[PDB]
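Protein chains in written order, with the entry's author numbering: chain A, 2 to 183, 206 to 357; chain B, 2 to 183, 206 to 357; chain C, 2 to 183, 206 to 357; chain D, 2 to 183, 206 to 357. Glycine is no exception: its CB is placed at the ideal position from the N, C-alpha and C atoms.
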Ligand SMILES: Cc1cc2nc3c(=O)[nH]c(=O)nc-3n(C[C@H](O)[C@H](O)[C@H](O)COP(=O)(O)O)c2cc1C
Ligand SMILES: Cc1cc2nc3c(=O)[nH]c(=O)nc-3n(C[C@H](O)[C@H](O)[C@H](O)COP(=O)(O)O)c2cc1C
Ligand SMILES: Cc1cc2nc3c(=O)[nH]c(=O)nc-3n(C[C@H](O)[C@H](O)[C@H](O)COP(=O)(O)O)c2cc1C
Ligand SMILES: Cc1cc2nc3c(=O)[nH]c(=O)nc-3n(C[C@H](O)[C@H](O)[C@H](O)COP(=O)(O)O)c2cc1C
Ligand SMILES: O=C(O)C(=O)c1ccccc1
Ligand SMILES: O=C(O)C(=O)c1ccccc1
Ligand SMILES: O=C(O)C(=O)c1ccccc1
Ligand SMILES: O=C(O)C(=O)c1ccccc1
Ligand SMILES: O=C(O)C(=O)c1ccccc1
Ligand SMILES: O=C(O)C(=O)c1ccccc1
Ligand SMILES: O=C(O)C(=O)c1ccccc1
Ligand SMILES: O=C(O)C(=O)c1ccccc1
């Protein structure tokens, strides 16, 4: 029995080898951006509304042509077999059963076709490959397998400096591989190549500048994820939650605006929604649940988040996620 | 001998079973809103006035047609027999003797008629029941028993997620019951039903949004309590003290504006007054005093608060609570 | 050898009985205003100027018709025999020798005439007595003894709630008495009575509201001390340093504007000057020095402060205190 | 193997005598300005750009007529033989090999001619001497030896009060001397004398006021270093990083604007650049590396900083330092 996401972190910390826990937990550099993701959420307070009709409270949203049970998707996290032997299959099954989109990674430890076969209308996260032709072939594989959106990660020209991994001498165990294989930096030209190659919605993950959000809309993106990559890329990058309101105003409904980084409760989902997010991604907590108890762990996490989201929405007077987006917020201290 | 409200918390902590102390102390979720109630008060500084006539300093106010000895009432707190065998009767007797209004709860552990028989011109807190007819019958009981105001709690469509209570497996002992009995979410329609059923002032407790405060006035409320329910309802709800000034400006004398959450001294009462509150509610400290020493404990607490309020008002140059409302404040750090 | 004021606090803490140290160190209530005096100074940063002529750096000021060696006076502190057997005489001698004004207290433990006989052109602090006639007789005594200013304390209608003193059961030892004797709250009428009774400058100590500063000028005050009484009066009163800039702007050279509360270095004196203060008062540190080493201790403290003030002024490009008043500041964090 | 600058501080702390470590680490007074240099950087967050061309990322700049490999120079630090027997020669050799300017000190423990003979196009830091003639002779020596800029330190009319050094009784060992010899306060007249005596760019180090930055341009300075001297001069001086943006706007390209104080990573270099700095100086970390491992230590530090700067720039979408200067920032908390 878990009553908060923090219960799952404690359980994952028990079970995982230290170096693997550090791979999961860590950020780049001094971990300033990692810590700031939490600090930034903790400073946001919601102004709830009272006395509204709550006879049909629903946490559902429509996004990228699909109904989702919550305004949430599982974030792309590479190499999930590091955390449990069933890896991506356990997580994708739990996500499917919960009605939550699952993001299949370019660096998945089980092939994208196997994970897509689980069902649940999955998304696919793209890292740009050595050339256009191979990148587009990977997009086409994902589309052929029934993925419903391409989440193009745009904040990784290369991987950040993860000092925990350097100090630990961390490397993949021989039994964990990039199962989609037997990279070069993305540009706006890469985005255009992807957009022309698929009719699936293209979602740019890792946008923080307002003008990059605008340009994403102009480039034909169906969504963006406002994100500092969980503090794993540029150390000192602003948290996504701190740019979200400005970005939502700037795109002016031109694309879906998601956010990630440090979402650890249904209350945090509500804060994100109140700042204007269409939905959130959740990364580390899903992996804690996977490490702790496999598929059943992830199921319990998603059930817990669903109850927390419903609870927060109703206490704030919101019968729908749209209503939650119209909530006001106030910044506080600590 | 107690010289601060904090002396009473230490005494209550000694005597109470852990699970009962946690029921009393706790908040919802991560307890962010619970902590913020204190943080928010600690950031407020008063700009005192000097050299004013203090020859007849009075802490009295007129509210809901009654003189009160202090700008304070005892907050509604369910199930007071959890804290002392005399429960609500001990607290109501001490409040009566101090000239402070006592709020009788829907979930009182002694019947509202018994508590009202104590005297002291009590108020009645309403939770909306399964239907209109039963809710209105409860209002009529309170009115028939001589209650002078209906404090309609509007922030509890359901009870929040209290993780201390979940972790402790807390439940009422068999010897504590809801003595008014042998609930459904409130709406603005419920408010209207209550307003039409009684000539008593209706006070909406748990308002945080400015437009909800305005709407409360438009709905015929005689007062509101600006409140996040002591951090026990929405985790991440703004503290009432942070919304109070804006709300006072918006209602523009159209109803009484009370505040609660974290009031722990006469100095805090002064801060609330200087931000525009008509009066405060005090919850947890009253229960600490009850746990520590029964009726006499509550008497000592109210005597201590009375002396602190008088002290703070005079040091700030205020011969009346009205003068205290005209004090200016300045936000500081930590 | 002491190299900071903090060295003196450690020495005083060694020697003094605990209850006496607490009488000296403590504030009212939760000590929020006591702590805030320090916090507020620590948030202020100076923008120093470079490359100015420093060939005749002087820390002198003219104030209330007298040259002072530093922009500083010893604050009124009652009952100095609590800290050392020579009490006020030791402090007044050291102040005289340093060229710093000494404020003789109404509640001095040596008679005001004895302390004035030390020399050094002293000031006299007044508490308003039971009636006008006795109050004015005390003012006349001070004037007859050669005091040069009347520092009328206006923030003590009564003494604040000092919880350390209550918890310790603190009372004066039989060997410490109010030597000026064998009180009622001051008002603006009291100020006028004093102003009409003496041609000495009347200085109102304990002003925090801007309109009280204006009114002080209109009332014929020669100065004010912007002060929360070292956090010993209203708990939650804003620090003087936080009101100082606004007050200086409002009085627009109409009277001298001093500040006190938490001045613990020459750097802090510079901050106060840069915010517009004419001079500061220093309280607790003078008593630490007295406790630690009597007259010689106070001499060493004043020599240390003189060197720190000279150092700070020159490093900031200021050849005079007037130049220091023209420095700009910037608020920072922690 | 060092993966952060903090690894080098730990190593230096191991090896150095305590009093020498304190000479290096310490600041003046309470060390408020020392701590604030770090706090101020930690509050700055970068808004990175995505999807830009990074096929030729370069960290090079042109400054004072020379290409530098990074937007960084080694700060002037007196008496480097305190930290390692090779002192300035070890540091200058490593700087030369890394393509980073090295600032030769007036108070170098090896003669300026010997250090200049190392090569690498060095700068020379000037303290104003007892008269104009001797000061100008020192400038001429530096110029004759091939120094390329005169870094005139303008924040040291005298040295600040370093309480660690006072408490330790610190003095130079007999084997460390001011090798350029067998001082008076600088003014704007001194600056003019230097400017007329050399065609080398004159760089004023220790500017914090906006009008001093303007005046520096008007005086013919080729650059300024916005700096509080690592918190070693005025205790309470604003950090340079907090004045940098305002100063950059005010000089409006009229001179190079460098900053120092607390730069401890390539991420911090990026923050400085994004606030408008042309380049940074790095002081203490270079000495940590020197203490830890001599010339090879300094080489490793500069290689580490080069990799961190390249990493941060690319992750932020900047192919050049000019692009980094066009990044936006956002202030956060803690
Ligand atoms: C171990 C780990 C691996 C990750 N791998 C990827 C990846 O392959 N692609 C990607 O776009 N994001 C990746 N992310 C970033 C997440 O998608 C997400 O942005 C971040 O974890 C969200 O923050 P949260 O973990 O605080 O919920 C990874 C994060 C972690 C912790
Ligand atoms: C144990 C407990 C029970 C409570 N029960 C009720 C209730 O039945 N109805 C209600 O409107 N508020 C209830 N409250 C909220 C209080 O009325 C009040 O809003 C809150 O406690 C004020 O904060 P304070 O405790 O910080 O003074 C309760 C609070 C506590 C701590
Ligand atoms: C032990 C003690 C006694 C004091 N007595 C008096 C007094 O008799 N009259 C008065 O105007 N202020 C009195 N003060 C206040 C000081 O004059 C001054 O406002 C305060 O101490 C300044 O702060 P500092 O102690 O932080 O320097 C007293 C302060 C202390 C600590
Ligand atoms: C031990 C030490 C000696 C210094 N000596 C000088 C000096 O002789 N001349 C000068 O202009 N600055 C001097 N500085 C200041 C540095 O040039 C620089 O402004 C400061 O150290 C930059 O901060 P950082 O150490 O945080 O990188 C010295 C600093 C230290 C720590
Ligand atoms: O994307 C990531 O943050 C990440 O940690 C990673 C590192 C190496 C391979 C794949 C993902
Ligand atoms: O940093 C890298 O080289 C790396 O492994 C990578 C991973 C994913 C996308 C781009 C680069
Ligand atoms: O109102 C409350 O906060 C509360 O704690 C409660 C919980 C259960 C029943 C009654 C009150
Ligand atoms: O959460 C509940 O179901 C509950 O017990 C309750 C209590 C008071 C009012 C409304 C609901
Ligand atoms: O003025 C004071 O703060 C003070 O502490 C005091 C208390 C009693 C008598 C005199 C002064
Ligand atoms: O609080 C008091 O009664 C008190 O002792 C006093 C002391 C000085 C001035 C006014 C009152
Ligand atoms: O410039 C300095 O900060 C410094 O520490 C110093 C002190 C004495 C001599 C030379 C430099
Ligand atoms: O403070 C001093 O006297 C000192 O040593 C010095 C050092 C360098 C420049 C100016 C003064």
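Proximity test, Cβ basis, 8 angstroms: residue i and chain B
i              : result
residue 112(A) : no
residue 53(A)  : yes
Proximal residues to residue i (C-beta, below 8 angstroms), its chain only, five neighbours per side dropped
i              : result
residue 67(D)  : 102, 122, 149
residue 49(B)  : 338, 339, 340, 350
residue 26(A)  : 165, 307
residue 352(C) : 45, 46, 47, 48, 294, 297, 298
residue 357(B) : 43, 44
Other residues of its chain near residue i: CB distance less than 7 angstroms, five sequence neighbours each side excluded
i              : result
residue 113(D) : 105, 125, 142, 143, 146, 181
residue 236(A) : 230, 247, 270, 273, 274
residue 263(C) : 231, 249, 250, 251, 282, 283, 284
residue 92(C)  : 75, 81, 103, 309, 313, 321
Cβ-Cβ separation, residue j to residue i (assumed contact under 8 angstroms), whole Å
i              : j              : result
residue 226(D) : residue 269(D) : Not confirmed; about 19 angstroms, so no contact.
residue 171(C) : residue 24(C)  : 6 angstroms
residue 306(A) : residue 253(A) : 6 angstroms
residue 297(C) : residue 303(C) : The pair is not a contact, with the Cβ atoms about 12 angstroms apart (cut-off 8 angstroms).
residue 311(C) : residue 83(C)  : Wrong, their Cβ atoms sit about 13 angstroms apart, outside the cutoff.
residue 89(C)  : residue 116(C) : 5 angstroms
residue 301(A) : residue 279(A) : 4 angstroms
Min CB distance residue i to chain C below 8 angstroms
i              : result
residue 210(D) : yes
residue 260(D) : yes
residue 75(D)  : no
residue 282(D) : no
Own chain, CB closer than 6 angstroms to residue i, minus 5 neighbours either side, in chain order
i              : result
residue 193(C) : As shown, the structure holds no coordinates for residue 193(C); chain C passes over it, running from 183 to 206.
residue 332(B) : 60, 71, 289, 292
residue 21(A)  : 83
Closer than 8 angstroms to chain A by CB, residue i
i              : result
residue 162(B) : yes
residue 50(D)  : yes
Interface flag, residue i vs chain D, CB-CB below 8 angstroms
i              : result
residue 265(A) : yes
residue 46(C)  : yes
residue 176(A) : no
residue 321(C) : no
residue 57(A)  : no
residue 309(A) : no
Item to complete: Go through the stretch 26–97 of chain D residue by residue and report every complete run of the beta strand (DSSP E) that reaches 3 residues or more, in order.
Response: The qualifying runs are 45–48, 62–64, 67–69, 73–75.
Practice prompt. Could you pull out every unbroken beta strand (DSSP E) segment of at least 3 residues lying fully inside the stretch 139–180 of chain A, listed in chain order?
Written response: The qualifying runs are 151–154.
Worksheet item: Enumerated in chain order, which unbroken segments of the beta strand (DSSP E) with a length of 3 residues or greater are wholly contained in the stretch 249–305 of chain A?
Response: Listed in chain order, they are 279–282, 302–305.
Worksheet item: Mind listing, in chain order, the residues whose beta carbon lies closer than 5 angstroms to a non-hydrogen atom of ligand 10?
Response: That query returns the following residues: 128(C), 157(C), 159(C), 160(C), 206(C).
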